[PDB]
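Data first, discussion second: the structure below is written as structure tokens.
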Amino acid sequence: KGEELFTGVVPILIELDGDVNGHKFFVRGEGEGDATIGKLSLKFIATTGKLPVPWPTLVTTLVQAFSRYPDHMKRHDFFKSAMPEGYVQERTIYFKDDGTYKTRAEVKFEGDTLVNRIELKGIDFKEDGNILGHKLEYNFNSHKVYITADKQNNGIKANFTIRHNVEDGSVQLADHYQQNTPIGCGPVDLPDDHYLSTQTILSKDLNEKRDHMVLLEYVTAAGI
Amino acid sequence: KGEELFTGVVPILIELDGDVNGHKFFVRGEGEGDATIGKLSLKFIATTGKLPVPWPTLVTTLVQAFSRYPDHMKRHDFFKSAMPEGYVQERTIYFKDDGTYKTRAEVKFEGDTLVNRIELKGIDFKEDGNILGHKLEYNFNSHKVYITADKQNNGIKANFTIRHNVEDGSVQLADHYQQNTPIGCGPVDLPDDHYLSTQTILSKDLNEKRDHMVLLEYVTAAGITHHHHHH
């Protein structure tokens with residue numbers, strides 16, 4: 001059904017199995033997305049206890065199918081076109097002057113729920129760096145996610161740099177290299193070059209004692 | 001290769017990873033299938049000791065590619081057409097007045113062997129019901145497995161009700177809801193409505209000390225009128 005699966009509010013489940021410098025953890029998120037307005041509303045729990053990395057470093061890894069593509073750009077939405085069978089999303093994330101994340105996720109419908117299941121491996125992080133030292137502010141900047149077609153692989157590639165505010169007023173950069181490929185065998189919409197423009201708020205549930213992240217996000221496509 | 005993979009006798013491996021009301025168990029079966037006559041000959045062993053559920057309730061979960069499709073119905077054999085890459089088979093099984101099984105299996109060739117790997121989760125069973133209370137006879141009835149095309153998923157659906165004999169002369173019903181989808185991305189046979197008609201005998205191997213089941217099964221497709229040009 002592709003884009004037809006996103007005409008209303010869709011329940012979301014996200015699971016991340018993580019290992020950073022040997023620190024293993026598991027994050028589960030639940031909530032809902034509404035692609036007609038480009039909005040996500042999610043709560044994440046670290047079920048394994050205190051997260052060994054800052055929550056903001058996990059935001060990009062933790063469902064671009066919920067981006068709002070305006071009417072004139074609907075035919076450049078690879079993400080929805082791959083549904084319900086879904087797509088594989090792979091990243092390498094280079095934290096400047098620090099370690100790297102490598103991720104692999106499957107994003108697909110399981111029944112009426114959109115599910116993002118992720119494995120993340122992090123290596124070479126510095127003990128007193130901004131990441132293991134938890135020096136990053138609990139907030140998130142606006143970015144442009146640049147998307148281009150990958151015809152040879154019937155999918156897309158994306159490139160962008162995330163800017164993490166540091167507590168001392170500096171910025172921690174994280175270069176993202178991304179590849180998406182369809183899981184199913186029905187055709188997809190290999191887009192012209194464009195980008196997603198993102199906005200994100202991070203907050204807390206004041207009644208939640210577990211280590212957790214409430215996230216609100218709005219994303220719209222542009223550049224065509 | 002498809003149908004061509006089933007012209008002779010084919011070795012089978014079956015593995016079931018199970019959990020029913022918290023009872024973990026594991027079953028491995030080996031044997032062979034002969035699709036030209038629709039015959040399975042298999043022996044199953046539990047590696048986890050005595051099963052928490054009766055052997056007969058696991059029979060349908062434990063390779064419909066070995067069904068005999070008569071020559072005039074060969075164009076309706078979805079199961080063999082997905083081979084060797086294989087198919088995913090998913091069911092929900094509702095035991096009347098009792099619990100439910102949910103199963104996901106991949107059926108495919110691994111080398112020369114047809115392999116069925118299954119995950120089973122059972123929930124909401126009654127402690128002294130026919131299943132957890134082991135009140136089902138060690139036998140198996142004849143059924144019609146009703147198959148229909150699922151064009152939107154390039155696969156099939158099946159509906160049927162299994163009748164388990166209970167030791168007091170009553171019957172324990174289990175409503176099966178089934179979906180199959182190809183693993184590969186190549187064309188498959190999508191059938192007209194038809195059914196599989198089944199017969200099964202359950203026995204023991206007198207030399208086997210583990211909890212186990214020997215199974216012999218004959219299945220033949222039917223419900224489509226004979227035509228000389230196999231239309």
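As shown in the structure tokens, the chain order sets the letters A, B, ...; within each chain, residues go from 1, and ligands are also counted from 1 in the order they appear.
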
Contact set, chain B to chain A: 10 Å, only C-alpha atoms, as a PyMOL selection string: chain B and resi 152-154+183-186

Find the residues around residue 126 (chain B) up to 12 Å (only C-alpha atoms counted), leave out those fewer than 2 positions away in its own chain, and share them as JSON, numbers by chain. {"B": [20, 21, 53, 95, 96, 97, 98, 99, 100, 122, 123, 124, 128, 129, 130, 131, 132, 133, 134]}

Close residues, residue 190 (chain B) itself excluded, 10 Å, only C-alpha atoms, min 3 positions apart in chain, as a ChimeraX atom specification: /B:75-79,81,148-151,154-156,187,193

Residues within 7 Å of residue 104 (chain B), please, as a list in words. Count only C-alpha atoms; anything in the same chain fewer than 6 positions from it doesn't count. residues 89, 90, 91, 118, 119 and 120 of chain B

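If you look at CA of residue 109 (chain A) and CA of residue 144 (chain A), they are 26.2 Å away from each other.
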
Of the candidates B:220, B:200, B:179, B:113, which shows the shortest atom-to-atom distance to residue 9 (chain B), using only C-alpha atoms? B:113

Can you tell me, as a ChimeraX atom specification, which residues in region 5-181 of chain B count as strand (DSSP E or B) by DSSP? /B:9-20,23-34,39-46,68,87-95,100-110,113-123,136,144-150,155-166,171-181

Give me the residues within 6 Å of residue 195 (chain A) as a ChimeraX atom specification, counting only C-alpha atoms and dropping any in the same chain fewer than 4 places off. /A:144-147,221-223

Write the residues you've just listed into a file as a compact mmCIF listing (two decimals), in the first residue's frame, and include C-alpha atoms for each of them.
# COMPACT_ATOMS: atom_id res chain seq x y z
CA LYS A 144 19.29 19.07 6.62
CA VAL A 145 19.40 15.39 5.61
CA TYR A 146 20.64 15.27 2.00
CA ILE A 147 19.15 12.40 0.00
CA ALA A 221 11.02 17.44 2.86
CA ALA A 222 12.25 20.28 0.64
CA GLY A 223 14.73 21.22 -2.07
